[PDB]
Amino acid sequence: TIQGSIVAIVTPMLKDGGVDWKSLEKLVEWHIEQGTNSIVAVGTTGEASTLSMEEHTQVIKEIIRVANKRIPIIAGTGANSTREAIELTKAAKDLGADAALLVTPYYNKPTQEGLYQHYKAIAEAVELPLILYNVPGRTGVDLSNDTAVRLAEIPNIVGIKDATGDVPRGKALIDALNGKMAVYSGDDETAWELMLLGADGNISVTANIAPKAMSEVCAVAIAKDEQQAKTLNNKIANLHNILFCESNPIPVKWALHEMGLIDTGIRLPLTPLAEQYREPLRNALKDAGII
């Protein structure tokens, strides 16, 4: 079972939109050196929806290559179709992925039983650990805590990325699960709160720019040192807020660019962070001591 800081790594791109393989190579290296505990390849933050299916596999492949078995690697393989989700997960398995993260089908609004039958099908079709992923604001659907508990029975559904940022509800989730599957915060602002409550880690967007900090915040929070957790997190607290001035990964991508770590490439319908924000961000980055 994966624990700690799990970065939702962006997918670096050259000015013309092509994947920047070198920055990625160096980004992966940097994370391991910095304390990052795991990496989610081609998730939402990784611009999964604008990458060629081939690009999808190549990215997973490159990351697993550079990672070199040092830290676990999770590949994003969620899709709003069930046939399609199995296909992408089968592949992840074959590429050597430690586990897979699958966001609840988006846009087509399946029912609760739909979400159940959907993951049950994928669990049965592929023998790879699966991490569920709920984010109502983006998907148009909310996987109820009850449905999650049902799915937690399945031997290879190992966790859930709860990105609601509703901590009380996360408290109830963690309590109801009786440990049957891990829980990850999918909301950087509250993550430390969720781990103090029992969550196993943070599938972090912030970890993209403060991998070391997020790594200690996760350690300490998991250890239930509420005192040291709040303290360590206050330091990067503003980051958690400013990285969403515009939809993720728009801001973190720029943040990284200002850190001289990657270029300005980002694919439509996504755009480069809007001017107005570029300065406040540079300020937030300076205050936090990353620049």
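The term rigid core refers to the most C-alpha atoms you can superpose between the two forms while keeping them within 1.5 Å. One-based numbering along the sequence shown.
> Do the Cα atoms of 133 to 141 or of 174 to 182 sit farther, on average, from the shown structure in 8 other deposited structures of this protein when the rigid core is superposed?
Looking at 174 to 182 and 133 to 141 in 8 other deposited structures of this protein, the bigger mover is 174 to 182.
> When the C-alpha temperature factors are averaged for each of 200 to 208 and 170 to 178, which stretch ends up with the higher value in the entry?
Higher mean C-alpha B-factor in the PDB entry: 200 to 208.
> Test of understanding: from the entry's C-alpha B-factors, which stretch has the higher mean, 36 to 44 or 232 to 240?
Mean CA B-factor is higher for 232 to 240.
> If you check the C-alpha B-factor for each of 146, 124, 162, 153 in the entry, which is highest?
That would be 124.
> Compared with the other modelled residues in the chain, in which third is the CA B-factor of residue 189?
It falls in the middle third of the chain.
> Looking at the temperature factor on the CA atom of residue 134, which third of the chain's modelled residues does it land in?
As the PDB entry reports it, the C-alpha B-factor of residue 134 lands in the lowest third of its chain.
> Looking at the C-alpha B-factor of residue 120, is it in the lowest, middle or highest third of its chain?
Ranked within chain, residue 120 CA B lands in the lowest tercile.
> Taking the chain's C-alpha temperature factors as the reference, tell me which third residue 101 falls into: lowest, middle or highest.
Bottom third by C-alpha B-factor.
> Lowest, middle or highest third: which one holds residue 218 when the chain's residues are ordered by CA B-factor from the entry?
Highest third.
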